[PDB]
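Asks: Take a look at upload.cif, mmCIF, C-alpha atoms:
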```cif
data_coords
loop_
_atom_site.label_atom_id
_atom_site.label_comp_id
_atom_site.auth_asym_id
_atom_site.auth_seq_id
_atom_site.Cartn_x
_atom_site.Cartn_y
_atom_site.Cartn_z
CA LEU A 46 -31.40 -40.91 -31.28
CA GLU A 47 -29.00 -39.95 -34.05
CA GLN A 48 -27.95 -36.36 -34.51
CA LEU A 49 -26.83 -35.29 -37.97
CA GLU A 50 -24.62 -32.30 -38.75
CA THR A 51 -26.17 -29.43 -40.68
CA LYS A 52 -23.77 -27.19 -42.59
CA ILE A 53 -24.22 -24.69 -45.41
CA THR A 54 -21.76 -22.51 -47.31
CA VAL A 55 -22.11 -19.89 -50.03
CA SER A 56 -20.35 -20.70 -53.32
CA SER A 57 -21.08 -17.41 -55.08
CA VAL A 58 -23.29 -14.33 -55.11
CA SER A 59 -24.43 -12.62 -58.30
CA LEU A 60 -26.46 -9.44 -58.80
CA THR A 61 -28.84 -8.74 -61.69
CA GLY A 62 -30.86 -5.54 -61.37
CA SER A 63 -32.44 -5.83 -57.93
CA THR A 64 -32.17 -9.62 -57.82
CA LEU A 65 -29.53 -11.45 -55.77
CA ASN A 66 -28.61 -14.97 -56.81
CA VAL A 67 -26.87 -16.91 -54.06
CA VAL A 68 -25.41 -20.32 -54.83
CA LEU A 69 -25.85 -22.33 -51.61
CA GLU A 70 -23.99 -25.57 -50.92
CA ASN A 71 -25.06 -28.31 -48.49
CA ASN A 72 -21.85 -29.52 -46.81
CA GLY A 73 -23.55 -31.30 -43.92
CA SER A 74 -25.37 -34.59 -43.45
CA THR A 75 -28.97 -33.40 -43.28
CA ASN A 76 -31.40 -32.80 -46.10
CA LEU A 77 -32.52 -29.20 -46.32
CA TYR A 78 -36.12 -28.69 -47.41
CA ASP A 79 -38.03 -26.88 -44.63
CA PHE A 80 -37.34 -23.54 -46.25
CA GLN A 81 -40.23 -21.73 -44.58
CA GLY A 82 -38.28 -22.40 -41.38
CA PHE A 83 -35.10 -20.75 -42.66
CA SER A 84 -34.26 -17.12 -41.93
CA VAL A 85 -32.72 -14.84 -44.55
CA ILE A 86 -31.32 -11.40 -43.79
CA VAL A 87 -29.70 -9.06 -46.31
CA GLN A 88 -27.78 -5.91 -45.50
CA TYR A 89 -26.87 -3.74 -48.45
CA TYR A 90 -26.75 -0.19 -49.72
CA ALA A 91 -29.83 0.64 -51.77
CA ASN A 92 -29.81 3.19 -54.54
CA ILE A 93 -32.72 5.42 -53.57
CA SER A 94 -32.83 8.47 -55.87
CA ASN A 95 -29.03 8.31 -56.30
CA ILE A 96 -28.46 8.33 -52.54
CA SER A 97 -26.63 5.31 -51.15
CA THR A 98 -28.95 4.14 -48.38
CA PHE A 99 -28.23 1.48 -45.75
CA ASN A 100 -30.85 -1.28 -45.77
CA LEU A 101 -31.01 -4.31 -43.51
CA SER A 102 -34.15 -6.40 -43.86
CA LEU A 103 -35.56 -9.88 -43.32
CA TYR A 104 -36.74 -11.79 -46.39
CA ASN A 105 -39.52 -14.35 -46.35
CA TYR A 106 -39.64 -17.64 -48.21
CA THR A 107 -42.02 -18.25 -51.10
CA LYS A 108 -42.47 -20.78 -53.90
CA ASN A 109 -44.15 -18.14 -56.06
CA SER A 110 -42.55 -17.83 -59.53
CA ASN A 111 -42.62 -14.05 -59.36
CA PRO A 112 -41.45 -13.25 -55.81
CA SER A 113 -42.20 -9.78 -54.48
CA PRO A 114 -39.51 -7.62 -52.89
CA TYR A 115 -38.55 -8.87 -49.41
CA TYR A 116 -39.08 -12.45 -50.55
CA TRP A 117 -36.74 -15.23 -51.56
CA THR A 118 -37.02 -18.49 -53.46
CA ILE A 119 -34.79 -21.47 -54.13
CA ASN A 120 -34.64 -23.58 -57.29
CA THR A 121 -35.13 -26.98 -55.66
CA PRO A 122 -37.60 -28.55 -53.22
CA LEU A 123 -34.75 -30.28 -51.41
CA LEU A 124 -31.05 -29.55 -51.10
CA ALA A 125 -29.27 -32.81 -50.34
CA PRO A 126 -25.81 -33.24 -48.82
CA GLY A 127 -23.14 -32.54 -51.44
CA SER A 128 -25.53 -30.61 -53.68
CA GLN A 129 -25.92 -26.94 -54.43
CA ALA A 130 -28.90 -24.77 -55.33
CA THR A 131 -29.55 -21.15 -56.20
CA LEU A 132 -31.42 -18.86 -53.82
CA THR A 133 -33.04 -15.88 -55.48
CA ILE A 134 -33.56 -12.84 -53.25
CA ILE A 135 -35.63 -9.89 -54.45
CA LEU A 136 -34.31 -6.59 -53.09
CA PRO A 137 -36.58 -3.52 -52.81
CA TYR A 138 -34.13 -1.22 -54.66
CA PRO A 139 -31.14 -1.79 -56.91
CA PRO A 140 -27.87 -1.73 -54.96
CA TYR A 141 -25.81 1.44 -55.12
CA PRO A 142 -22.73 0.65 -57.27
CA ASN A 143 -19.58 -0.72 -55.62
CA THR A 144 -20.95 -1.04 -52.09
CA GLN A 145 -20.62 -3.75 -49.47
CA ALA A 146 -23.30 -6.26 -48.57
CA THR A 147 -23.94 -9.08 -46.13
CA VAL A 148 -26.22 -12.07 -46.54
CA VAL A 149 -27.20 -14.22 -43.57
CA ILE A 150 -28.87 -17.56 -44.19
CA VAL A 151 -30.07 -19.58 -41.20
CA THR A 152 -31.25 -23.17 -41.70
CA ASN A 153 -34.32 -24.48 -39.88
CA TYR A 154 -31.92 -26.69 -37.90
CA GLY A 155 -29.92 -23.77 -36.53
CA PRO A 156 -26.61 -23.71 -38.41
CA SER A 157 -26.07 -20.72 -40.62
CA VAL A 158 -23.77 -18.98 -43.06
CA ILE A 159 -22.84 -15.34 -43.45
CA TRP A 160 -21.58 -14.08 -46.79
CA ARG A 161 -19.70 -10.78 -46.90
CA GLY A 162 -18.70 -9.03 -50.09
CA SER A 163 -19.57 -6.33 -52.61
CA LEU A 164 -22.39 -5.85 -55.11
CA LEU B 46 -55.21 -28.11 -34.77
CA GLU B 47 -55.04 -24.64 -33.23
CA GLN B 48 -52.54 -22.11 -34.49
CA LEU B 49 -51.47 -19.38 -32.10
CA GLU B 50 -50.00 -16.02 -33.10
CA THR B 51 -46.39 -15.33 -32.16
CA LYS B 52 -45.37 -11.68 -31.91
CA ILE B 53 -42.45 -9.89 -30.29
CA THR B 54 -41.52 -6.23 -30.03
CA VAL B 55 -38.56 -4.34 -28.57
CA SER B 56 -39.39 -1.93 -25.73
CA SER B 57 -35.91 -0.47 -25.30
CA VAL B 58 -32.22 -0.99 -25.99
CA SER B 59 -29.49 0.04 -23.56
CA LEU B 60 -25.70 -0.10 -23.91
CA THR B 61 -23.22 -0.61 -21.09
CA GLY B 62 -19.60 -1.07 -22.17
CA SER B 63 -19.80 -3.84 -24.75
CA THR B 64 -23.07 -5.24 -23.41
CA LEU B 65 -26.43 -4.65 -25.11
CA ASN B 66 -29.56 -4.94 -23.00
CA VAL B 67 -32.69 -5.41 -25.08
CA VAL B 68 -36.08 -5.33 -23.38
CA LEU B 69 -38.23 -7.79 -25.34
CA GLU B 70 -42.02 -7.88 -25.10
CA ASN B 71 -44.26 -10.86 -25.93
CA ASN B 72 -47.33 -9.40 -27.67
CA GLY B 73 -48.55 -12.68 -29.14
CA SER B 74 -50.40 -15.72 -27.84
CA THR B 75 -47.57 -18.24 -27.63
CA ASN B 76 -45.15 -18.87 -24.81
CA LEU B 77 -41.56 -18.20 -25.79
CA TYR B 78 -39.01 -20.51 -24.19
CA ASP B 79 -37.16 -22.43 -26.94
CA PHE B 80 -34.41 -19.83 -26.98
CA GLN B 81 -31.79 -22.11 -28.52
CA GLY B 82 -34.11 -22.06 -31.55
CA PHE B 83 -34.13 -18.27 -31.80
CA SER B 84 -31.77 -16.36 -34.07
CA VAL B 85 -30.11 -13.12 -33.00
CA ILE B 86 -28.20 -10.84 -35.36
CA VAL B 87 -26.56 -7.55 -34.43
CA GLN B 88 -25.17 -5.00 -36.83
CA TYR B 89 -23.20 -2.18 -35.29
CA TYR B 90 -20.06 -0.10 -35.59
CA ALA B 91 -17.29 -1.47 -33.39
CA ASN B 92 -14.57 0.70 -31.95
CA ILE B 93 -11.43 -1.14 -33.02
CA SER B 94 -8.35 0.94 -32.16
CA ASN B 95 -10.39 4.16 -32.59
CA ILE B 96 -11.53 3.15 -36.07
CA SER B 97 -15.29 2.84 -36.53
CA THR B 98 -15.66 -0.64 -37.99
CA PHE B 99 -18.82 -2.20 -39.44
CA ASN B 100 -19.70 -5.48 -37.72
CA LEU B 101 -22.62 -7.76 -38.50
CA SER B 102 -22.60 -11.06 -36.64
CA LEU B 103 -24.83 -13.87 -35.41
CA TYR B 104 -25.08 -14.41 -31.66
CA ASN B 105 -25.72 -17.76 -30.04
CA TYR B 106 -27.92 -18.49 -27.05
CA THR B 107 -26.51 -19.56 -23.69
CA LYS B 108 -27.70 -19.86 -20.10
CA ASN B 109 -24.16 -19.28 -18.84
CA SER B 110 -23.95 -16.47 -16.25
CA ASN B 111 -20.85 -15.03 -17.89
CA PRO B 112 -21.63 -15.15 -21.62
CA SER B 113 -18.70 -14.85 -24.00
CA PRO B 114 -18.71 -12.38 -26.90
CA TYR B 115 -21.04 -13.49 -29.72
CA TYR B 116 -23.43 -14.96 -27.16
CA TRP B 117 -26.70 -13.79 -25.70
CA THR B 118 -28.79 -14.62 -22.65
CA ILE B 119 -32.25 -13.76 -21.39
CA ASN B 120 -33.33 -13.26 -17.78
CA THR B 121 -36.24 -15.72 -17.76
CA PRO B 122 -36.78 -19.35 -18.74
CA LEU B 123 -40.12 -18.46 -20.32
CA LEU B 124 -41.53 -15.24 -21.73
CA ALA B 125 -45.31 -15.44 -21.52
CA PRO B 126 -47.83 -13.39 -23.50
CA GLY B 127 -48.05 -9.87 -22.06
CA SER B 128 -44.71 -10.15 -20.28
CA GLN B 129 -41.32 -8.64 -20.98
CA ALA B 130 -37.78 -9.83 -20.36
CA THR B 131 -34.27 -8.51 -20.88
CA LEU B 132 -31.96 -10.04 -23.47
CA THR B 133 -28.28 -9.48 -22.80
CA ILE B 134 -26.03 -9.53 -25.87
CA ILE B 135 -22.25 -9.52 -25.50
CA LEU B 136 -20.55 -7.61 -28.32
CA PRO B 137 -16.90 -8.31 -29.27
CA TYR B 138 -15.89 -4.62 -29.10
CA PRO B 139 -17.41 -1.51 -27.56
CA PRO B 140 -19.52 0.42 -30.06
CA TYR B 141 -17.98 3.48 -31.66
CA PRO B 142 -19.75 6.53 -30.13
CA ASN B 143 -22.91 7.89 -31.78
CA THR B 144 -23.26 5.23 -34.47
CA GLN B 145 -26.25 3.34 -35.81
CA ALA B 146 -27.10 -0.25 -35.00
CA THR B 147 -29.64 -2.91 -35.90
CA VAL B 148 -30.80 -5.85 -33.83
CA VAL B 149 -32.73 -8.73 -35.39
CA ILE B 150 -34.44 -11.23 -33.13
CA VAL B 151 -36.15 -14.24 -34.72
CA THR B 152 -38.36 -16.49 -32.58
CA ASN B 153 -38.24 -20.28 -32.97
CA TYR B 154 -41.76 -20.01 -34.40
CA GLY B 155 -40.74 -17.70 -37.23
CA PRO B 156 -41.99 -14.22 -36.35
CA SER B 157 -39.32 -11.66 -35.69
CA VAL B 158 -38.55 -8.10 -34.74
CA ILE B 159 -35.96 -5.67 -36.05
CA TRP B 160 -34.83 -2.79 -33.87
CA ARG B 161 -33.09 0.16 -35.52
CA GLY B 162 -31.44 2.97 -33.60
CA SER B 163 -28.20 4.38 -32.24
CA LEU B 164 -25.74 3.26 -29.56
#
```
As structure tokens, how would this structure be written, given the file I've shared?

Replies:
Amino acid sequence: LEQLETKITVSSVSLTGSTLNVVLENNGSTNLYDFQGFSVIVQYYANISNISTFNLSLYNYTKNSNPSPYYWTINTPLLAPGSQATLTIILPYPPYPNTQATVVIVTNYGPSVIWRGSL
Amino acid sequence: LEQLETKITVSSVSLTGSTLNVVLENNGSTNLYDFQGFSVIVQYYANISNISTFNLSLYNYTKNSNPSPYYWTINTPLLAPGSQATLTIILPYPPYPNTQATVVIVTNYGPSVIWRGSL
């Protein structure tokens, strides 16, 4: 039948401690709600005992209010076209200051977004 | 009804020019064949005019016999439990010598594997 476009973009990324907050925008025509079917990858430089340490890991979805490291949450059950929501990603270590990072978010439908910047 | 375990592992990774060959093993109970529904991410250091350059990109599936850069293929239509197959990933630039790389492969079912090593 009818195929609908899926499209996401990242509006902003903010770091607090070891928590990444990613503002995600739905710019497509599909509703996004099957979050367990998303994939989230973060590459960053962890501060491990004052040594900048490359870390690239996969993060799993949860609805738990206190997500463990290597988990992520989002502050809505459904992200509709034209709306935005905040993804919270819990990193295992605080980022080493002034280092680059990459966040990959893949929707259950296939389309994805990659954010590249500094923490 | 019945849930079956999906599990993949990487047996080996080989580099030829700008082509990555990843031997993927099915160690689960599901058949793997919905490759368009997989996600593949590669992080490496590209040789761009003799400057080692960080590159993290998503690669899309194709069955084309001459995949373009940022595409991947696999040498079977179906990877059954207990079998292995070779994924071919076409990188945009040859890797800079003796640098680290990461390959993330996510099945359509959810379970994934991350390979970490050097090219």

Asks: What are the closest atom pairs, with distances in Å to one decimal, for each residue of chain B lying within 12 Å of chain A, using only C-alpha atoms, rows by chain and rising residue number, as a tab-separated table?

Replies:
```
residue	atom	partner	partner_atom	distance
B:80	CA	A:155	CA	11.3
B:81	CA	A:155	CA	8.4
B:82	CA	A:155	CA	6.7
B:83	CA	A:155	CA	8.4
B:84	CA	A:151	CA	8.0
B:85	CA	A:151	CA	10.4
B:86	CA	A:149	CA	8.9
B:87	CA	A:101	CA	10.6
B:88	CA	A:101	CA	8.9
B:89	CA	A:101	CA	11.5
B:99	CA	A:145	CA	10.3
B:100	CA	A:147	CA	10.1
B:101	CA	A:147	CA	7.9
B:102	CA	A:159	CA	8.0
B:103	CA	A:159	CA	8.4
B:104	CA	A:157	CA	11.0
B:105	CA	A:155	CA	9.8
B:106	CA	A:155	CA	11.0
B:145	CA	A:99	CA	10.3
B:146	CA	A:101	CA	10.2
B:147	CA	A:101	CA	7.9
B:148	CA	A:101	CA	9.8
B:149	CA	A:103	CA	8.5
B:150	CA	A:103	CA	10.3
B:151	CA	A:84	CA	8.0
B:152	CA	A:84	CA	10.2
B:153	CA	A:82	CA	8.7
B:154	CA	A:82	CA	8.2
B:155	CA	A:82	CA	6.7
B:156	CA	A:84	CA	10.0
B:157	CA	A:103	CA	8.7
B:158	CA	A:103	CA	9.3
B:159	CA	A:102	CA	8.1
B:160	CA	A:101	CA	10.5
B:161	CA	A:101	CA	9.4
```

Asks: Could you fit chain B onto chain A with a least-squares superposition over all C-alpha atoms, matched one to one in order, and give me the transformed chain as a PDB file with C-alpha atoms, keeping the file's coordinate frame?

Replies:
```
ATOM      1  CA  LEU B  46     -31.402 -40.917 -31.271  1.00  0.00           C
ATOM      2  CA  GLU B  47     -29.002 -39.951 -34.055  1.00  0.00           C
ATOM      3  CA  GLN B  48     -27.955 -36.354 -34.512  1.00  0.00           C
ATOM      4  CA  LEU B  49     -26.830 -35.294 -37.965  1.00  0.00           C
ATOM      5  CA  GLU B  50     -24.620 -32.301 -38.746  1.00  0.00           C
ATOM      6  CA  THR B  51     -26.168 -29.431 -40.684  1.00  0.00           C
ATOM      7  CA  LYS B  52     -23.772 -27.182 -42.588  1.00  0.00           C
ATOM      8  CA  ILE B  53     -24.213 -24.690 -45.408  1.00  0.00           C
ATOM      9  CA  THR B  54     -21.763 -22.515 -47.304  1.00  0.00           C
ATOM     10  CA  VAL B  55     -22.106 -19.886 -50.031  1.00  0.00           C
ATOM     11  CA  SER B  56     -20.348 -20.693 -53.320  1.00  0.00           C
ATOM     12  CA  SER B  57     -21.080 -17.408 -55.081  1.00  0.00           C
ATOM     13  CA  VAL B  58     -23.287 -14.327 -55.109  1.00  0.00           C
ATOM     14  CA  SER B  59     -24.436 -12.627 -58.304  1.00  0.00           C
ATOM     15  CA  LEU B  60     -26.463  -9.442 -58.808  1.00  0.00           C
ATOM     16  CA  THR B  61     -28.832  -8.740 -61.682  1.00  0.00           C
ATOM     17  CA  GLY B  62     -30.863  -5.538 -61.371  1.00  0.00           C
ATOM     18  CA  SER B  63     -32.435  -5.826 -57.933  1.00  0.00           C
ATOM     19  CA  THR B  64     -32.170  -9.616 -57.818  1.00  0.00           C
ATOM     20  CA  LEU B  65     -29.531 -11.450 -55.769  1.00  0.00           C
ATOM     21  CA  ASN B  66     -28.607 -14.971 -56.811  1.00  0.00           C
ATOM     22  CA  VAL B  67     -26.870 -16.905 -54.057  1.00  0.00           C
ATOM     23  CA  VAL B  68     -25.412 -20.323 -54.821  1.00  0.00           C
ATOM     24  CA  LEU B  69     -25.847 -22.326 -51.610  1.00  0.00           C
ATOM     25  CA  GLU B  70     -23.984 -25.563 -50.917  1.00  0.00           C
ATOM     26  CA  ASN B  71     -25.057 -28.304 -48.483  1.00  0.00           C
ATOM     27  CA  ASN B  72     -21.848 -29.523 -46.811  1.00  0.00           C
ATOM     28  CA  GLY B  73     -23.556 -31.299 -43.923  1.00  0.00           C
ATOM     29  CA  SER B  74     -25.372 -34.590 -43.448  1.00  0.00           C
ATOM     30  CA  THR B  75     -28.972 -33.400 -43.286  1.00  0.00           C
ATOM     31  CA  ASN B  76     -31.408 -32.797 -46.098  1.00  0.00           C
ATOM     32  CA  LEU B  77     -32.521 -29.190 -46.317  1.00  0.00           C
ATOM     33  CA  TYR B  78     -36.121 -28.693 -47.409  1.00  0.00           C
ATOM     34  CA  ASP B  79     -38.035 -26.883 -44.628  1.00  0.00           C
ATOM     35  CA  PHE B  80     -37.341 -23.537 -46.255  1.00  0.00           C
ATOM     36  CA  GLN B  81     -40.232 -21.725 -44.584  1.00  0.00           C
ATOM     37  CA  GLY B  82     -38.276 -22.403 -41.378  1.00  0.00           C
ATOM     38  CA  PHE B  83     -35.104 -20.749 -42.654  1.00  0.00           C
ATOM     39  CA  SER B  84     -34.258 -17.125 -41.936  1.00  0.00           C
ATOM     40  CA  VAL B  85     -32.723 -14.846 -44.553  1.00  0.00           C
ATOM     41  CA  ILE B  86     -31.317 -11.401 -43.798  1.00  0.00           C
ATOM     42  CA  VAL B  87     -29.698  -9.063 -46.306  1.00  0.00           C
ATOM     43  CA  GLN B  88     -27.788  -5.916 -45.503  1.00  0.00           C
ATOM     44  CA  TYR B  89     -26.868  -3.744 -48.442  1.00  0.00           C
ATOM     45  CA  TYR B  90     -26.745  -0.191 -49.721  1.00  0.00           C
ATOM     46  CA  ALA B  91     -29.829   0.638 -51.770  1.00  0.00           C
ATOM     47  CA  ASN B  92     -29.812   3.195 -54.535  1.00  0.00           C
ATOM     48  CA  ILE B  93     -32.724   5.428 -53.575  1.00  0.00           C
ATOM     49  CA  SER B  94     -32.836   8.472 -55.872  1.00  0.00           C
ATOM     50  CA  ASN B  95     -29.028   8.306 -56.298  1.00  0.00           C
ATOM     51  CA  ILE B  96     -28.457   8.334 -52.542  1.00  0.00           C
ATOM     52  CA  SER B  97     -26.629   5.308 -51.147  1.00  0.00           C
ATOM     53  CA  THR B  98     -28.949   4.141 -48.385  1.00  0.00           C
ATOM     54  CA  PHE B  99     -28.233   1.481 -45.751  1.00  0.00           C
ATOM     55  CA  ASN B 100     -30.852  -1.281 -45.778  1.00  0.00           C
ATOM     56  CA  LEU B 101     -31.006  -4.308 -43.510  1.00  0.00           C
ATOM     57  CA  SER B 102     -34.147  -6.397 -43.859  1.00  0.00           C
ATOM     58  CA  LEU B 103     -35.559  -9.876 -43.326  1.00  0.00           C
ATOM     59  CA  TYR B 104     -36.731 -11.792 -46.387  1.00  0.00           C
ATOM     60  CA  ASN B 105     -39.511 -14.347 -46.352  1.00  0.00           C
ATOM     61  CA  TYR B 106     -39.639 -17.637 -48.215  1.00  0.00           C
ATOM     62  CA  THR B 107     -42.028 -18.258 -51.101  1.00  0.00           C
ATOM     63  CA  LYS B 108     -42.472 -20.781 -53.899  1.00  0.00           C
ATOM     64  CA  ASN B 109     -44.147 -18.141 -56.062  1.00  0.00           C
ATOM     65  CA  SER B 110     -42.551 -17.831 -59.527  1.00  0.00           C
ATOM     66  CA  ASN B 111     -42.624 -14.045 -59.352  1.00  0.00           C
ATOM     67  CA  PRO B 112     -41.456 -13.254 -55.810  1.00  0.00           C
ATOM     68  CA  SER B 113     -42.204  -9.786 -54.486  1.00  0.00           C
ATOM     69  CA  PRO B 114     -39.509  -7.620 -52.886  1.00  0.00           C
ATOM     70  CA  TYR B 115     -38.546  -8.871 -49.404  1.00  0.00           C
ATOM     71  CA  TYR B 116     -39.082 -12.453 -50.548  1.00  0.00           C
ATOM     72  CA  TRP B 117     -36.740 -15.226 -51.559  1.00  0.00           C
ATOM     73  CA  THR B 118     -37.022 -18.491 -53.460  1.00  0.00           C
ATOM     74  CA  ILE B 119     -34.788 -21.468 -54.127  1.00  0.00           C
ATOM     75  CA  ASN B 120     -34.640 -23.577 -57.286  1.00  0.00           C
ATOM     76  CA  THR B 121     -35.130 -26.988 -55.660  1.00  0.00           C
ATOM     77  CA  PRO B 122     -37.594 -28.547 -53.225  1.00  0.00           C
ATOM     78  CA  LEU B 123     -34.747 -30.287 -51.407  1.00  0.00           C
ATOM     79  CA  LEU B 124     -31.044 -29.548 -51.106  1.00  0.00           C
ATOM     80  CA  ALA B 125     -29.269 -32.811 -50.346  1.00  0.00           C
ATOM     81  CA  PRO B 126     -25.811 -33.240 -48.820  1.00  0.00           C
ATOM     82  CA  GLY B 127     -23.143 -32.533 -51.445  1.00  0.00           C
ATOM     83  CA  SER B 128     -25.536 -30.619 -53.683  1.00  0.00           C
ATOM     84  CA  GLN B 129     -25.921 -26.938 -54.438  1.00  0.00           C
ATOM     85  CA  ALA B 130     -28.898 -24.778 -55.331  1.00  0.00           C
ATOM     86  CA  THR B 131     -29.543 -21.149 -56.198  1.00  0.00           C
ATOM     87  CA  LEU B 132     -31.416 -18.864 -53.820  1.00  0.00           C
ATOM     88  CA  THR B 133     -33.045 -15.883 -55.482  1.00  0.00           C
ATOM     89  CA  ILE B 134     -33.564 -12.844 -53.251  1.00  0.00           C
ATOM     90  CA  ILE B 135     -35.627  -9.890 -54.451  1.00  0.00           C
ATOM     91  CA  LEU B 136     -34.309  -6.588 -53.093  1.00  0.00           C
ATOM     92  CA  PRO B 137     -36.583  -3.511 -52.809  1.00  0.00           C
ATOM     93  CA  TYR B 138     -34.130  -1.222 -54.655  1.00  0.00           C
ATOM     94  CA  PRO B 139     -31.137  -1.789 -56.908  1.00  0.00           C
ATOM     95  CA  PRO B 140     -27.873  -1.726 -54.967  1.00  0.00           C
ATOM     96  CA  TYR B 141     -25.809   1.439 -55.112  1.00  0.00           C
ATOM     97  CA  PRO B 142     -22.731   0.646 -57.275  1.00  0.00           C
ATOM     98  CA  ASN B 143     -19.577  -0.724 -55.622  1.00  0.00           C
ATOM     99  CA  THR B 144     -20.955  -1.047 -52.095  1.00  0.00           C
ATOM    100  CA  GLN B 145     -20.623  -3.748 -49.468  1.00  0.00           C
ATOM    101  CA  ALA B 146     -23.303  -6.253 -48.570  1.00  0.00           C
ATOM    102  CA  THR B 147     -23.940  -9.080 -46.132  1.00  0.00           C
ATOM    103  CA  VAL B 148     -26.214 -12.069 -46.539  1.00  0.00           C
ATOM    104  CA  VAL B 149     -27.201 -14.225 -43.567  1.00  0.00           C
ATOM    105  CA  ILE B 150     -28.869 -17.558 -44.192  1.00  0.00           C
ATOM    106  CA  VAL B 151     -30.070 -19.576 -41.193  1.00  0.00           C
ATOM    107  CA  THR B 152     -31.243 -23.167 -41.695  1.00  0.00           C
ATOM    108  CA  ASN B 153     -34.321 -24.485 -39.873  1.00  0.00           C
ATOM    109  CA  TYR B 154     -31.921 -26.690 -37.901  1.00  0.00           C
ATOM    110  CA  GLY B 155     -29.915 -23.774 -36.536  1.00  0.00           C
ATOM    111  CA  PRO B 156     -26.610 -23.705 -38.411  1.00  0.00           C
ATOM    112  CA  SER B 157     -26.068 -20.719 -40.625  1.00  0.00           C
ATOM    113  CA  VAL B 158     -23.775 -18.989 -43.058  1.00  0.00           C
ATOM    114  CA  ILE B 159     -22.845 -15.341 -43.452  1.00  0.00           C
ATOM    115  CA  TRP B 160     -21.580 -14.086 -46.792  1.00  0.00           C
ATOM    116  CA  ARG B 161     -19.699 -10.784 -46.894  1.00  0.00           C
ATOM    117  CA  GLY B 162     -18.706  -9.029 -50.094  1.00  0.00           C
ATOM    118  CA  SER B 163     -19.566  -6.330 -52.606  1.00  0.00           C
ATOM    119  CA  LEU B 164     -22.392  -5.842 -55.109  1.00  0.00           C
TER     120      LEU B 164
END
```

Asks: Write out as a PyMOL selection string each polymer residue whose atoms come within 8 Å of residue 135 (chain B), counting all atoms listed in the file; drop sequence neighbours fewer than 3 positions from it.

Replies: chain B and resi 63-65+112-117

Asks: In Å to one decimal, how far is CA of residue 123 (chain A) from CA of residue 61 (chain A)?

Replies: 24.6 Å

Asks: What is the distance between CA of residue 50 (chain A) and CA of residue 124 (chain B), in Å to one decimal?

Replies: 29.4 Å

Asks: Under the rule that all atoms listed in the file are counted, which of A:77, A:91, A:132, A:164 is the nearest residue to residue 55 (chain A)?

Replies: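 The closest residue to residue 55 (chain A) is A:132.
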
Asks: In Å, how far is it from CA of residue 70 (chain B) to CA of residue 92 (chain B)?

Replies: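 Taking CA of residue 70 (chain B) and CA of residue 92 (chain B), their separation equals 29.6 Å.
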
Asks: Taking only C-alpha atoms into account, which of A:79, A:139, A:133, A:162 comes nearest residue 111 (chain A)?

Replies: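 For residue 111 (chain A), the nearest of the given residues is A:133.
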
Asks: Quick one: axis-aligned box around all listed atoms of region 62-75 of chain B, 3 Å on every side, centre and edge lengths in Å to one decimal, written as AutoDock Vina command-line options.

Replies:
```
--center_x -35.0 --center_y -9.7 --center_z -25.7 --size_x 36.8 --size_y 23.2 --size_z 13.0
```

Asks: Give as a ChimeraX atom specification the residues that the PyMOL selection byres ((chain B and resi 108) around 6) matches when applied to the coordinates above.

Replies: /B:107,109,118

Asks: Identify which of the residues A:144, A:54, A:59, A:97 lies closest to residue 128 (chain A), counting only C-alpha atoms when measuring atom-to-atom distances.

Replies: A:54
